[PDB]
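Asks: got the complex split up, this is the first portion:
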Amino acid sequence: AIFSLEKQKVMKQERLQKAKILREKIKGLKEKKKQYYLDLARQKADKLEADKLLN
Amino acid sequence: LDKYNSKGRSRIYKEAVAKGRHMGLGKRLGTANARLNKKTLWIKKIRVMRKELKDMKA
Amino acid sequence: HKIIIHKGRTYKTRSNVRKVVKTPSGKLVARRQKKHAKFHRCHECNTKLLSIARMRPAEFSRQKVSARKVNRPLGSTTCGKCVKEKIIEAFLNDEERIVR
């Protein structure tokens, strides 16, 4: 059960990756989204609704 | 108009101290170290004496 | 009677440094300033690495590469005297192997 110091940084991030996914199984929490000026996927979709009214 | 306090009283009194009048023995209320620091007087002396030794060497 | 104008929160934390500037019309304002940054240091000898631009890492990515680096191998990490010990050491350890 002996590990190097350098391998222990990998096991922390792998532990902190599972904790990000188990949050979405808890009832009654607000959803985590991306920051708006970096999330380019939402800016494309809302603009598609925008010019649809123009027609 | 607004008011502003006059300093004509204090400008006169500061002139008599410039001749050394009002600094008696009966008008001191602090210690000798409070009115003049003893540490700064050593720094004034040792900085001037170190300057004049460089000029006499050059 | 003049009054200094303050805008924002009034706590004195690390990022809330302010100074007092005088306007042409006569106002007084407490303007905010940028966060204080320090010099980068060598990874081994721990001396101050000058000629590299010291700023916050957000603005540091906007600079040119000549202002981030020095024209030398390992120019971003080491001082330039530590590389002289490395090159002599790396060459001499090869000649010890060929004998033994």
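Replies: Received, thanks. Residues are numbered from 1 along each chain as shown, chains lettered A, B, ... in the order given.
Asks: list the buried ones in the helix ranked longest in chain C?
Replies: Across chain C, the longest stretch assigned as helix under DSSP state H is helix C:82-99. Residues of helix C:82-99 classed as buried: residue C:83 (neighbour count, 16 or more other C-beta atoms under 10 Å in any protein chain shown). In this view, the C-beta of every residue, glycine as well, is placed from N, C-alpha and C.
Asks: just to check, residue A:3 is in contact with residue A:11?
Replies: Yes - counting by C-beta atoms under 8 Å, residue A:11 is a contact partner of residue A:3 at 7.4 Å.
Asks: residues in contact with the longest helix of chain C: which ones?
Replies: Identification of contacts with helix C:82-99 by C-beta atoms under 8 Å, 6 or more residues apart in numbering or on different chains yields C:42, C:44-45, C:72-74.
Asks: quickly check those residues for the two that are furthest apart.
Replies: Greatest spacing in the contacts of helix C:82-99, by C-beta to C-beta: C:45 and C:73 (16.6 Å).
Asks: what about these two, which has more around it?
Replies: Here residue C:45 and residue C:73 are compared on neighbour count by other C-beta atoms under 10 Å in any protein chain shown; more neighbours surround residue C:45, at 12 against 9.
Asks: convert the longest helix seen in chain A to PDB, retaining C-alpha atoms only.
Replies: Counting by DSSP H, the longest helix found in chain A is helix A:5-21. Only the C-alpha atoms of helix A:5-21 are listed here, as PDB (Å, rounded to 0.1, in the frame of the first residue of the first chain):
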ATOM      1  CA  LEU A   5       4.500  11.300  -3.900                       C
ATOM      2  CA  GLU A   6       4.000  11.900  -7.600                       C
ATOM      3  CA  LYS A   7       1.400   9.100  -8.000                       C
ATOM      4  CA  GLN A   8      -0.600  10.500  -5.100                       C
ATOM      5  CA  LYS A   9      -1.500  13.700  -7.100                       C
ATOM      6  CA  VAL A  10      -3.100  11.500  -9.700                       C
ATOM      7  CA  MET A  11      -5.200   9.700  -7.100                       C
ATOM      8  CA  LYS A  12      -6.500  13.000  -5.700                       C
ATOM      9  CA  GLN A  13      -7.700  14.200  -9.100                       C
ATOM     10  CA  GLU A  14      -9.300  10.800  -9.800                       C
ATOM     11  CA  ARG A  15     -11.000  11.000  -6.400                       C
ATOM     12  CA  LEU A  16     -12.100  14.600  -7.200                       C
ATOM     13  CA  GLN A  17     -13.500  13.500 -10.600                       C
ATOM     14  CA  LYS A  18     -16.000  11.100  -9.000                       C
ATOM     15  CA  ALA A  19     -17.200  13.700  -6.600                       C
ATOM     16  CA  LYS A  20     -18.200  15.900  -9.500                       C
ATOM     17  CA  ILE A  21     -20.400  13.200 -10.900                       C
END
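Asks: throw chain D onto that model:
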Amino acid sequence: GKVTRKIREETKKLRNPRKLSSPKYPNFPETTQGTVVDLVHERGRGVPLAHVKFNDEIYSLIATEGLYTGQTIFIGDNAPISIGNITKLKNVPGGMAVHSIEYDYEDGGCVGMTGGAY
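Replies: Same chains as before, plus chain D:
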């Protein structure tokens, strides 16, 4: 009556137990060579730890008495015996001082962890 102090202290250790490092050394088949990198200090314990480097991997170990940064040590079942080296138990003559003894083979260490005790 009420619950006394002794039982109330142990259940306060189950709500927030104390944390330490438990430093162990690896196992290698043959004799290798490693270098001492740096010396640090932890919160709870008084004895300083040491970071050694075997095969480009950095582990943590308890520092022996005369140790300086950059020194070289050997680890193996048949290493020569000197200050700071780690060998098997049968090689050392009678009368010396050892400070990390595993109970069984291929374990980290069990006996002699604190500073000043040998």
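Asks: and the helix or strand just after the longest helix of chain A, how far from the chain's centre?
Replies: Next along the chain after helix A:5-21, taking DSSP states H and E as the criterion, comes helix A:40-52. Offset of helix A:40-52 from its chain centre (C-alpha atoms, centre = their mean, to the nearest Å): 20 Å.
Asks: which strand or helix spans residue D:39?
Replies: If you go by DSSP H and E, residue D:39 is part of strand D:32-40.
Asks: parallel or antiparallel, list what pairs with that strand.
Replies: Here strand D:32-40 is paired, per DSSP bridges, with strand D:49-53 (antiparallel), strand D:72-75 (antiparallel).
Asks: list the contacts of that strand.
Replies: With contacts defined as C-beta under 8 Å, 6+ apart, strand D:32-40 is touched by D:48-55, D:58, D:63, D:67-76.
Asks: apply 7 Å and report the result again.
Replies: By C-beta atoms under 7 Å, 6 or more residues apart in numbering or on different chains, the list of residues contacting strand D:32-40 from outside reads D:48-55, D:58, D:63, D:67, D:69-76.
Asks: Three-state assignment for the residue in chain C positioned nearest to chain A, please.
Replies: Of all residues in chain C, residue C:58 sits closest to chain A, at 13.9 Å by C-beta to the nearest C-beta. Using DSSP: H, G, I helix; E, B strand; the rest coil, the secondary structure recorded for residue C:58 is helix.
Asks: related to what we said a few turns ago, now do the buried residues in the strand holding residue D:39.
Replies: By neighbour count with 16+ other C-beta under 10 Å, strand D:32-40 contains the buried residues D:34, D:36.
Asks: for that strand, the distance to its chain's centre please.
Replies: Distance, centroid of strand D:32-40 to centroid of chain: 13 Å (C-alpha atoms, centre = their mean).
Asks: okay, now residue D:101: neighbour count?
Replies: Residue D:101: 11 surrounding residues under other C-beta under 10 Å.
Asks: also, this goes in as chain E:
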Amino acid sequence: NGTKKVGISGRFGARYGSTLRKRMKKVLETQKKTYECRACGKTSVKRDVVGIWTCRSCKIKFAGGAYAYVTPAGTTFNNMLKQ
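Replies: Same chains as before, plus chain E:
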């Protein structure tokens, strides 16, 4: 120079007893002293943390005791390895 026989333990004043201040004078003399560097040969080794001694010039850390640079139980086990 001002003190007759107290020495470095004059900071404690007139409390904690008499023989408790004798035990402080033995330890505080060897902690604040500077020593020679075994690597570079200069007298610049000082202590900063319990069990860590470092030099000012060459900047190389040495392991050691709590309050002394060398331990009396540490030097006897160096002699038996020389033979």
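Asks: same as before for the buried residues of strand D:32-40, with chain E this time.
Replies: For strand D:32-40, the neighbour count (16+ other C-beta under 10 Å) marks D:34, D:36, D:39 as buried.
Asks: quick check: nearest residue in space to the first one, chain neighbours excluded?
Replies: In this case it means residue D:34. residue D:54 (4.3 Å; C-beta to C-beta, 6 or more residues apart in numbering or on different chains).
Asks: contacts only, for the residue of chain A found nearest chain E.
Replies: Closest approach between chain A and chain E, counting by C-beta to the nearest C-beta: residue A:5, at 18.5 Å. Contacts were defined as C-beta under 7 Å, 6+ apart; by that measure residue A:5 touches D:58-60.
Asks: please name the residues that touch residue C:69.
Replies: C:75-76.
Asks: same thing but at 10 Å, please
Replies: For residue C:69, the contact set (C-beta atoms under 10 Å, 6 or more residues apart in numbering or on different chains) comprises C:51-52, C:75-76.
Asks: kindly report the same for residue D:71.
Replies: Residue D:71 makes contact with D:34-36, D:52, D:83-84, E:60, according to C-beta under 10 Å, 6+ apart.
Asks: 6 Å instead, please
Replies: residue D:36 (C-beta atoms under 6 Å, 6 or more residues apart in numbering or on different chains).
Asks: top of the contacts of residue A:5 by neighbour count?
Replies: residue D:59 leads the contacts of residue A:5 on contacts (other C-beta under 10 Å) with 19 neighbours.
Asks: hang on, it in a helix?
Replies: No - with three-state DSSP as the criterion, residue D:59 is strand rather than part of a helix.
Asks: distance of it from chain A?
Replies: Using C-beta to the nearest C-beta, to the nearest Å, one gets 6 Å for the distance from residue D:59 to chain A.
Asks: any idea how far residue D:87 is from that residue?
Replies: 17 Å (C-beta to C-beta, to the nearest Å).
Asks: residue D:52 now?
Replies: The gap separating residue D:52 from residue D:87 is 15 Å, by C-beta to C-beta.
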